[PDB]
Amino acid sequence: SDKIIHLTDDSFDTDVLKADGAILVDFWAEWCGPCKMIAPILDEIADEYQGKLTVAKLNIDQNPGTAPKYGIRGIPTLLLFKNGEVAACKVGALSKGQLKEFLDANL
Ligand SMILES: [Cu+2]
Numbered sequence: 001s002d003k004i005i006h007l008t009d010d011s012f013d014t015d016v017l018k019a020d021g022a023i024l025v026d027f028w029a030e031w032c033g034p035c036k037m038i039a040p041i042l043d044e045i046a047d048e049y050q051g052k053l054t055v056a057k058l059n060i061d062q063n064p065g066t067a068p069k070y071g072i073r074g075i076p077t078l079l080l081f082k083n084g085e086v087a088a089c090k091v092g093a094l095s096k097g098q099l100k101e102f103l104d105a106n107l
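Counting in the authors' numbering, the sequence shown runs from 1 upward without gaps.
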């Protein structure tokens with residue numbers, strides 16, 4: 001988790017993320033099994049793509065305002081932002097290989 005950015009509800013000013021570059025945001029909660037399963041994969045991605053992609057997390061129990069702004073209905077939900085705007089999303093767990101495929105399709 002050392003290379004992951006900790007986001008809060010204040011990180012967004014509407015549906016615009018107040019951060020630059022390509023940023024993959026994981027919406028998650030501790031009670032969510034599949035969320036816990038992808039956490040190590042997100043750590044690997046943050047390491048392998050350091051300097052090219054920022055990986056961030058928004059805990060929906062601690063920050064309950066943000067998910068509704070994006071119509072999020074389940075977790076984990078990954079939203080990929082480009083220059084503050086949503087460019088892609090993926091609901092549900094996936095493998096490391098699938099996450100790299102998803103990123104390649106978008107970046
Ligand atoms: Cu870490």
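We put the beta carbon where it would ideally sit given N, CA and C, even for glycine.
Please report the distance separating the alpha-carbon of residue i from that of residue j.
i, j, result
"residue 100", "residue 40", "14 angstroms"
"residue 83", "residue 104", "17 angstroms"
"residue 21", "residue 97", "23 angstroms"
"residue 7", "residue 106", "22 angstroms"
"residue 17", "residue 85", "7 angstroms"
"residue 12", "residue 58", "11 angstroms"
"residue 73", "residue 35", "14 angstroms"
Hey, out of the options, whose CA is closest to residue i's CA?
i, options, result
"residue 45", "5, 87, 86 and 91", "5"
"residue 62", "15, 10 and 106", "10"
"residue 90", "75, 97, 84 and 82", "75"
"residue 3", "73, 50, 86 and 98", "50"
"residue 64", "28, 104 and 102", "28"
"residue 94", "14, 33 and 18", "33"
"residue 19", "72, 31 and 53", "53"
"residue 15", "35, 36, 68 and 60", "68"
By a C-beta neighbour count over all protein chains shown, 10 Å radius and 16 as the cutoff for buried, is residue i buried or exposed?
i, result
"residue 56", "buried"
"residue 26", "buried"
"residue 87", "exposed"
"residue 66", "buried"
Just confirm the distance between the C-beta atoms of residue i and residue j, as a whole number of angstroms; I'd bet it's less than 8 angstroms.
i, j, result
"residue 1", "residue 43", "7 angstroms"
"residue 23", "residue 81", "5 angstroms"
"residue 70", "residue 78", "No, residue 70 and residue 78 are not in contact; Cβ-Cβ is about 11 angstroms, not under 8 angstroms."
Report yes if the C-beta of residue i is less than 7 angstroms from at least one heavy atom of ligand 3; otherwise report no.
i, result
"residue 57", "As presented, the structure is devoid of ligand 3, carrying ligand 1 as its sole ligands."
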